[PDB]
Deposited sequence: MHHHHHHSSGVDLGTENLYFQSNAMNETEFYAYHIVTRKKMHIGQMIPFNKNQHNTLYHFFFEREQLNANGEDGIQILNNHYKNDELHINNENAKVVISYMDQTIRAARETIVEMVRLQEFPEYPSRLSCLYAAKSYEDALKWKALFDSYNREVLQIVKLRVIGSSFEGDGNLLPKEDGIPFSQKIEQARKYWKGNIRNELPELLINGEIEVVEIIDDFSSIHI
């Protein structure tokens, strides 16, 4: 009392497959202050341009003439890559917008670590990475003080050209939840408490 600053986050374990760089026990991974993740940098920050510094939109409009669109080589490559990146960025933007509207309590897919609910689940995820030839360095146990969301990636909007309003319905179903094999979103303060296996 007579005081000024007088004034949701739980403690739990999760399992994480390391691919990028090896983690050590006691390592902190902060997603408590809206830090951007690798997924954000990849779909929101990077871009591809042709040799003249033009992006997909610029190239498409430069070439649309006589109601015909004839693009080749690097120009076609830049247009397609631009479309693939942007539809994927739109996906994350729509999903994030839906979370802010109706599910503000869950971690953002743009500001979280991706993990599994159990070791068994981590092993199943590992089996999928392997069948895809995705290098796995470790499987690690994390202690979290923050929040999580168990999601079904299958429920996310697709990389198709359907109307945004239909993509919004899909994001809504994603956030409502499934069952299958969950992708856990986690945020807050994350500590590596154990290296289960070091491949």
| property | result |
| --- | --- |
| Segments lacking C-alpha coordinates (deposited sequence numbering, starting at 1) | 1-12, 20-25, 197-198, 220-224 |
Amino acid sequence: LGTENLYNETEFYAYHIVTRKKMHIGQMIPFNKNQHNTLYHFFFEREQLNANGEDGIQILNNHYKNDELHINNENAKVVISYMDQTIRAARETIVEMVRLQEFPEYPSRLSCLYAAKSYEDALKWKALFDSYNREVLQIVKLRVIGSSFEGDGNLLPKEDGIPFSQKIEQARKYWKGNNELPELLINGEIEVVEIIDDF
From here on, numbers count along this sequence of modelled residues.
query: Lowest, middle or highest third - CA B-factor, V136; finding: lowest
query: Third of the chain's Cα B-factor distribution that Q48 belongs to, per the entry; finding: highest
query: Chain thirds of CA B-factor: placement of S147; finding: middle
query: Third of the chain's Cα B-factor distribution that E92 belongs to, per the entry; finding: middle
query: Record-listed C-alpha B factor of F164: chain third; finding: lowest
